[PDB]
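J.: experimental structure and its sequence below.
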Amino acid sequence: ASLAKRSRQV
Amino acid sequence: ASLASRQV
Amino acid sequence: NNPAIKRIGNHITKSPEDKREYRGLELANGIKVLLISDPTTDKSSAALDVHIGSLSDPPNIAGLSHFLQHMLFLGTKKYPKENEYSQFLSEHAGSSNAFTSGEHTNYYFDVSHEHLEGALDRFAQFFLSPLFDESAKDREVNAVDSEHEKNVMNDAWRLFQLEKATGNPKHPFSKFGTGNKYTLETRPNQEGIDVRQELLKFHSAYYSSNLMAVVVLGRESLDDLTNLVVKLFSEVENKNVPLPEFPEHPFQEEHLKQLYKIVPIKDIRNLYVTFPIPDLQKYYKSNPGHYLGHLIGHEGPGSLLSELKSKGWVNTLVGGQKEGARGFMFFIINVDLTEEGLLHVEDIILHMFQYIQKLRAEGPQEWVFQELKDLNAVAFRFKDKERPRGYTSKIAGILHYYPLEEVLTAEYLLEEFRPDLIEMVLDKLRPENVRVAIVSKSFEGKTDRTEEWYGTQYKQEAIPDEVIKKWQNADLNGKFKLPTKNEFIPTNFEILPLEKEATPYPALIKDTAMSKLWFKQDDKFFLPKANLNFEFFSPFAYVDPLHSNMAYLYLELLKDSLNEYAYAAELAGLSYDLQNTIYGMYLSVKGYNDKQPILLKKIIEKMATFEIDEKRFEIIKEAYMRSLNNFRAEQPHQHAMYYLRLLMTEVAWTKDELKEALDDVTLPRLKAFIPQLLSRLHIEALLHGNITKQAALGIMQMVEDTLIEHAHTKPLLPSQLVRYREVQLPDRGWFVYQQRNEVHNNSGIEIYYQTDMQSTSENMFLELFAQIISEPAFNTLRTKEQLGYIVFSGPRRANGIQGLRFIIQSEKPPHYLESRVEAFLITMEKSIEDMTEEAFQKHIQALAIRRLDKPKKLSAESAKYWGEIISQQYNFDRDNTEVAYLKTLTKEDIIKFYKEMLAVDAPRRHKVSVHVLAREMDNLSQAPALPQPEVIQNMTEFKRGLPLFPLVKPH
Amino acid sequence: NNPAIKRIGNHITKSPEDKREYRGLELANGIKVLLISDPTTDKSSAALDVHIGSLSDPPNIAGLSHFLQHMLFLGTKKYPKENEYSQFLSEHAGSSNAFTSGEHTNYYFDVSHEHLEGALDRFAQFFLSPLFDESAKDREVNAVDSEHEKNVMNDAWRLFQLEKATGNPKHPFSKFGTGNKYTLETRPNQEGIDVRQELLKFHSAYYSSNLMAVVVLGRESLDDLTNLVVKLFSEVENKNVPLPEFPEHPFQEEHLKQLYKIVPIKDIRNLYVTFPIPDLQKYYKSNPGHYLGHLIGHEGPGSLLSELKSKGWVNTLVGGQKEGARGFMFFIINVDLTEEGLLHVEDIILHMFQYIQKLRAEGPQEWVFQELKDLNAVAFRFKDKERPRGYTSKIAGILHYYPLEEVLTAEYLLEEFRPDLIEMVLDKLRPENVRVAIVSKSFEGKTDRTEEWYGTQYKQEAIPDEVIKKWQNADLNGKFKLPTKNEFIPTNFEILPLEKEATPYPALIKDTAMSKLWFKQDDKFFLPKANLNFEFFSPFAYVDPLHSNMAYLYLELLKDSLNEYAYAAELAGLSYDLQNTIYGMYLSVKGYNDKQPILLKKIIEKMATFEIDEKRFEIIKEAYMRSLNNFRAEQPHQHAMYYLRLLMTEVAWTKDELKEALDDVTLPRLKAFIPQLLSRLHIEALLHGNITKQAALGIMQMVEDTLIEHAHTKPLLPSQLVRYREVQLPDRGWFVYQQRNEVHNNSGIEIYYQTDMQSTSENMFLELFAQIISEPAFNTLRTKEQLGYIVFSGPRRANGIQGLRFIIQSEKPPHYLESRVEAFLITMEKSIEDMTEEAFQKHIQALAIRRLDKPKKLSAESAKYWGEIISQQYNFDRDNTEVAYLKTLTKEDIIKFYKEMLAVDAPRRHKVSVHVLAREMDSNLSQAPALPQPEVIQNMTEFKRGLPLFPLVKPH
């Protein structure tokens, strides 16, 4: 694979 | 093997 | 001394191990009697056997004595209440029945031991002044016509009667014994015969005390029992009838060297070879007929069967003497036929005569006779204690044949070896006096004849002289040996003493993941015997039809090749039972415990290492395919039960599914299947009998050990040990599934009212109701209404659920039957509403005695245990708790239960019905009005469409 | 002319297939705006992206921008009600979320198309005046602590921070972005910080109009959407903030040539090779990093992965460029490791440089660029229409990097070939510039160091100079080749004429013993793609634990065998997905129809004639074993869910019994299994797309023929088609199954209220109830009561039966959670009574909109049809049906339902509960009712044995 982290909610 | 009208 | 008793008998020679007490005597009126005192029997019983039967039927009323036998039940001078006899027995835990043969009419009952006097009285009446009621006559003729209907389409019956019709027509052997509506009513009214009178003519003419034998078994001392007989039987008129002789053989000169080609109903392939002989009865103490049947019918190495099976011609063979009447007998060799064998019949027969030649050519083998004597000696010494009903009937039958002192022994013990008789009979079995019959679908449309009563399609032919000649010259054939000395004879009969901590019920003496072991040392019977039972579980036994098919075939092929070895053991009282189940395999070894380990070992060994023979596999597959196809021709009532099991079980492959998944089963796919099957198992076992905790553990270990080594068997997860569930019918539901029987022109029906999971309380509610309605059901639906010969009610138990079933086979349509059963149910509610206080308590008492009747032989007890085991309920003390609870049950309760569960408008009525329609199809009490039923269209849709019950809890 | 707009951009370049209309513009305050008009849309949507994120956290308060992001939802000056926003959305069939990256904070929602303004108005206020209510702050801080807790034992997050924590600790890269209770409350308290002040300070500092992008999609005209955005957004104050830059790489001199040995939570083996590179973002037109990514990460013949795999050292590889921030990036090559692989890390890496060498030696290849450029042009022309929420969010992010006119195309089109840049980047991928990380359980005890936030055990080491040197002198290796032309690249894009007897729903166009074909030719989307879907049925795929393991391994070995050949299909938008089910097998082939039959056929052919490689088998099997074990590390709430699945299904093998049965799986045993499985099947299929009836029948027949001819496959009886049933819980009963999670120090709970099997009415009773209580549950159990970060409610549907469920992961014990759901459940009935028949019609209207929302892409339609098919319900029209029936309902119907089925003392209340306890556990506030004596599930198959089973739903 070629390459295609992040604090959230729900 | 050697050899061996009702109601109910 | 009493002038009412012509003579008393001295010791009745009984088995050393027999704790019952015996006295025979001849009454003043000529009646032979045996009295049996068993202080601890909880069923007493009696039978009487009259030495007359349908061979004495008036030439122009076929069936009279069968019909008479039906009639004697329906009322007498002092018990004129039509069903007083059968109602009495119902209320006092008894049952009753009868049969009519060529030369015999046998009547028997059992009953709760205190109610002997009462039951015996009513019985004794049958032989004094039977009513022969006129309207009972007109009704009960239908039951007989129904008996015959049932058999019209049966292959054994057609063949049975076809013999009679191919021998001398003047000989009373040609007679149609069963009778039916035509012979018993129609041809009589036309010919202006009065049938009631003929019943009386015949009853008076033939039911004479001089042709009677009586056997009675109770707790009562031998002196009491003597009084009881004399009190009730001295009163039987002695008309001094001469006993019929038939000194001429039914088969005369013109009836020999004949060939019969016969179309069967089923797809079956058979060869019936038959020779006429003089009545060998009188030689009973040397018994030359048994000797010869034993060699001809042998299955082990060197035997005729063995060679015929090797040429792939036949699979099974029976041979030996067949009864006829006083004056004549038969000697038969009968085989089935592989497609190949059917093409090779002349040959098969030559091979028979070859075997016979070997025997002629080295004459009577005393060692053989001696082996047979010795084995009988043992079989007799250690005979299981019989059930009363069977024992009295059996005995009453042979009382006409042997002096009173030797009734108990006659049919067991052989005496002196008579080479001359052996050779006398042997000399009667040659080509010139042979009758040959072949049974095949391949004669369809090539037969010019019809047997008049069964309608059997057939053809007759003289066997060409060239063919007889060629069999007369049969030589010797190295392939035929006498049997070798029987390796399996038991020798060690020592009853190992009861262990210090031996339990009353089976103990769980082992619980690995690989095996659960239940054990109990025999504490009742002390005979040198053991029962060894084993469920093996595998997912792969039943995962799909292709796999059921292979499971089955594997065990058949296994058995087929084990056979020569196992036959010997069978003869020596050691036997096995091995068959596939829905959960895996079942294996049981019963008999003398002595060689039990040898045989078991050989099996497990032979099974975990089994190699298939190409030819056998092909042969057995073809037979199994026919077997499956042959269900088409079973009885409508059996079809009804079959579809019901299919409908009510969670997973259940059908004969159809199996039949068409069978072409897929190939030799390679089977070889693959077995180690696949054996690779992962759980074993559950009961070992009950004359062995010890250590021996038992040892037997189990041995079994496990052989599987681990030869089959690489390792255990199953607990989670993958799944029982099946029953479909859960909706409150107020009524489903009907319906099919046509393509063979019998008579319909069948099972009705199932489902109630709830088994539990102490639900069990007993059901069982009591079943008991109350039991004889009423039979009485109304059969005796009164005459819906058919087969009418049955009582409990259904399966997958842990239960309820009430009704089974009927009939000429009427199901749509009609349904109402009558329903009608009956109301009649039955009023009946209980009104029924007396202690009428009810009688029914409780009758149920109670039934349930607490102690087992009389080991295997009876083992079944009771196994039941608890394979059913997963493990409730060994069941009877005591359930009966204790049965007693607090009130008439109240039964009514609420009926109203809640079974009544047509019960909130909780769950009802399914299977209607099997006759080949042809699409006064009385008030039948109720019935809902539109939902018409099951597809059993998969059906089952998918509703819930499944829980599985029952263990104890 | 209008003073509020700075300018309108020229025609925004769209795919010629995209019917949507677009306008770009910049506001006078500097906000960049894309406006999307789509008169067909069922849901409107909008997003805002601020170019600020946790890289700009105050160093004295980690996670402030993530926290700020949580707080903006909880009320503004002009709509002060704490959950005004989330309730307005809930009642108008909308939904929302947000996330914080290092440089971005992104906020998006959808709503029913008719309530754009209402939604949008409330939404703008986040950026105008958020109360940061003092007590909302106190509460919502726990939500963040839980967000973090979740991540602590998670192998990916530990690795993600561990990287940050081993570069220049001076660099903002090394910050901890999530934050927790400690860094947002416990520590700021100690250091006398008024957080509500810091939240006001940071908002006012950075939430500045010039650092902001907005996208709005709705049915409105471009002019309407213009005036609308002008209206709600002109008023955001421009504070002219300079946009943060990071020219310094976080990995400096001393941070290169480093080796890290890392102990994971799960039993996984991994090798992470990373080089620092400068920011390639500006090269996007020619893109050198993608070029090298395509090549180094390639998986076809010749590829780096091929040799690594053949030596049985690695199983999979990712490689390519990976984002950093403005100023720095990374280029990475990561592989997993076989046991052998672990002992050859030195060698693996050498091969890596060996391959890089080959690239240098061959130099830039324009045809490879051409290939990439064309695939991308095809990708773009025929890109599926995006769900609007996702789309707006995505474009709002990219508005910060591309001219207005380019936003749509910018991440697709390639224009410039640049051998110089390809070369320049390539030059950085050298041993003297390398970082290496090995993640293994073999480093247990062996480590001397610990990561501050997640607690990761690791060792650091300089890589010996002789080793670097061995890598620097890496030769050409004749096993390594550039890929050749990709033959799978499609070229036929014609949209076949719409057939004379096409239908709205799939028609059953074949019903034989072997197969049941469902078919619909696409009448909606007209792209040259198709989905081809197949359920293969076998008794043998699940007959026992052992057979399960084999059905799996078999299929993994198949995929592994095919991988080289199939990679090319995938770059070319043709992909397949093949796995084992509890019924047999599933095969889905998706993408451009043109070369589709080729792949399919190769797949079937491979299956039917499959030849196992001894070495591959051993390796895959080892992995599967670790994989089953690694379940032990999953999050508590999933343990909860997993156990419930096991408890309520007729037959279900546990991971424990699968693990146990797996040694018994030998090479002999599997060679035998394959043909066994493959000899009796039934196939049910959906074929849906740009294909004709006849094309479909051929495809179906071709599958069958390939099987027959190679595996001798024969049908399956109708009655063999055994669907599994759900357990039937007793009226008024309540069972509890309980278990420890030995890894996470949180607990999980699933509560299931079983209702009655699915059917039009029983469906809508459950769904409407779920709609009504959807946001109240969240707002009560999370926002107010702060039980945890994970708080879910909604329908459960398995095996044709259904019910309501709650799922919570929390620090409090499951028993405690039980009562708070129970409390909550009263609060619900209590307010269904208080709520106006208007409020009530609003909720009916929301469900309606949700249910009738039209699919925008083929895949989404396929999926719906698939749902009907695999559930054997076949109710293709269900939505109009169930919605029609919905409108019929009233406050009475639903109160009746609640009291019948759900209320604490309901006649037919059927309740099951899975308690998953935390690593160490034991044995203002509304009213919890007193609960019955819970029947504790002792043993799973005893429990299943002692209960009835439900029917299976009858096919519509």
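T.: Alright, I've got the coordinates. Residues are numbered from 1 along each chain as shown, chains lettered A, B, ... in the order given.
J.: backbone dihedrals for the closest residue to residue C:20 other than its chain neighbours, both of them.
T.: Leaving out its chain neighbours, the residue that sits closest to residue C:20 by C-beta to C-beta, 6 or more residues apart in numbering or on different chains is residue C:38, at 4.6 Å. From N, CA and C alone the C-beta is placed, and that goes for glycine too. Here is the backbone geometry of residue C:38 (degrees, to the nearest 10): phi -120, psi 90.
J.: at the geometric centre of chain A, which residue do we find?
T.: Nearest to the mean C-alpha position of chain A, by C-alpha atoms, centre = their mean, lies residue A:5 at 5.0 Å.
J.: is it fair to say that residue lies in a strand?
T.: No. Applying DSSP: H, G, I helix; E, B strand; the rest coil, one finds residue A:5 to be coil, outside a strand.
J.: any idea how far chain B is from the residue nearest to it when sequence neighbours are not counted?
T.: Distances taken as C-beta to C-beta, 6+ apart place residue D:160 nearest to residue A:5, at 6.7 Å, with adjacent residues excluded. In this view, residue D:160 and chain B are 81 Å apart by C-beta to the nearest C-beta, to the nearest Å.
J.: what is the burial count for residue D:160?
T.: 15 (other C-beta atoms under 10 Å in any protein chain shown).
J.: returning to what we had before: so the residue nearest to the centre of chain A makes contact with residue D:161?
T.: No. Checked against C-beta atoms under 8 Å, the pair residue A:5 and residue D:161 is beyond contact range at 11.0 Å.
J.: what's the helix or strand where residue C:604 lies packed up against?
T.: Element membership of residue C:604, judged by DSSP states H and E, is helix C:596-608. The contact analysis (3 or more C-beta pairs under 8 Å, 6 or more residues apart in numbering or on different chains; DSSP states H and E) places helix C:596-608 against strand C:529-537, helix C:545-571, strand C:574-580, strand C:584-592, helix C:693-710.
J.: and the angle for it with strand C:574-580?
T.: Between helix C:596-608 and strand C:574-580, the angle comes out at 30 degrees (axes from the mean of the first three to the mean of the last three C-alpha atoms, to 10 degrees).
J.: tell me how far helix C:596-608 lies from the chain's centre.
T.: With C-alpha atoms, centre = their mean, to the nearest Å as the basis, helix C:596-608 stands 28 Å off its chain's centre.
J.: kindly report the same for stretch C:53-69.
T.: The answer for stretch C:53-69 is 25 Å, by C-alpha atoms, centre = their mean.
J.: ok, now stretch C:408-422?
T.: With C-alpha atoms, centre = their mean, you get 28 Å for stretch C:408-422.
J.: double-check residue C:951 against residue C:872; I have them as touching.
T.: Yes. In terms of C-beta under 8 Å, residue C:951 counts as a neighbour of residue C:872; the distance is 7.3 Å.
J.: identify the contacts common to these two.
T.: Here residue C:951 and residue C:872 share the contacting residues C:723, C:800, scored by C-beta atoms under 8 Å, 6 or more residues apart in numbering or on different chains.
J.: residues near the closest residue to chain C within chain A, how many?
T.: The minimum distance from chain A to chain C, using C-beta to the nearest C-beta, falls at residue A:10 (36.5 Å). Residue A:10: 13 surrounding residues under other C-beta under 10 Å.
J.: wait, isn't it in contact with residue D:99?
T.: No. Applying C-beta under 8 Å, one finds residue A:10 not in contact with residue D:99, separated by 10.7 Å.
J.: re earlier: next, the angle from the helix holding residue C:604 to strand C:584-592.
T.: 160 degrees.
J.: what does the helix or strand that helix C:596-608 is followed by rub up against?
T.: For helix C:596-608, the succeeding helix or strand toward the C-terminus, using DSSP H and E, is helix C:614-629. Applying C-beta under 8 Å, 6+ apart, the external contacts of helix C:614-629 come out as C:266-268, C:312, C:315, C:338-339, C:549, C:552-553, C:556-557, C:560-561, C:655, C:658-659, C:662, C:665, C:667, C:670.
J.: chain center to helix C:614-629: distance?
T.: Centroid displacement of helix C:614-629 relative to its chain, using C-alpha atoms, centre = their mean, is 25 Å.
J.: kindly report the same for stretch C:422-435.
T.: In terms of C-alpha atoms, centre = their mean, the centre of stretch C:422-435 is set 33 Å apart from its chain centre.
J.: first-to-last residue distance for it?
T.: Using C-alpha to C-alpha, to the nearest Å, one end of stretch C:422-435 lies 21 Å from the other.
J.: quick revisit: does the residue of chain A closest to chain C belong to a helix, a strand or coil?
T.: What three-state DSSP gives for residue A:10 is coil.
J.: can you pull the contacts of it?
T.: D:97, D:778.
J.: how is chain C carved up into domains?
T.: Domain segmentation of chain C under curated CATH domains yields C:1-243, C:244-473, C:500-726, C:727-955.
J.: and the residue of the stretch 101-250 of chain C found nearest chain A, its phi and psi?
T.: Relative to chain A, the nearest point of the stretch 101-250 of chain C is residue C:155 (72.8 Å; C-beta to the nearest C-beta). Main-chain dihedrals, residue C:155, degrees, to the nearest 10: phi -70, psi -40.
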